[PDB]
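The numbers here are math on the coordinates, done by the rules we state, and not lab data. When we count neighbours, we look across all protein chains shown, and the Cβ atoms used for this are built from the backbone with ideal geometry, even at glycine.
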Amino acid sequence: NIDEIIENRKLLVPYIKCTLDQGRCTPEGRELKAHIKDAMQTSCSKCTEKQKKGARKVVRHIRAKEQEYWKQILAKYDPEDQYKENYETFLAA
């Protein structure tokens, strides 16, 4: 449940660190990690419509409220800043 993770920063941070290889991943975490990586580089091309709305909400909450962690996600998944068209069009829908 995406909304409960983003509503409690004590759940969100472990999930963020999971996608950053900075902390350990629950089975759900590794899958959110997979969709965020896909949401950031390939427009969530392999995500279900369910995984798109949830990954969109997570990435955008992090972008707006967890900027520090947002920029680390950008450093991990788009170091050359070549995927902006992909994840901005994804995040804008």
Efficiency of FRET between residue 74 and residue 25 - r from beta-carbon atoms, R0 25 angstrom, step 0.05: 0.80
Dipole magnitude of the chain about its Cα centre (Cβ charges: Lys, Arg +1; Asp, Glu -1), debye to nearest 20: 220
Distance from region 6-24 to region 47-66 (C-alpha centre basis), Å: 13
Entries of 10/52; 33/57; 50/76; 17/71 with Cα pairs more than 18 Å apart: 10/52; 50/76
Spherically averaged projected area of the chain from its Cα convex hull (nm²): 5.3
Structure-based [θ]222 nm, the chain - -39500 (n - 2.57) summed over DSSP H runs of at least 4, per residue, nearest 500: -22500 deg cm²/dmol
Label point distance in nm, residue 89-residue 49, each placed 7 Å from Cα along Cα→Cβ: 2.0
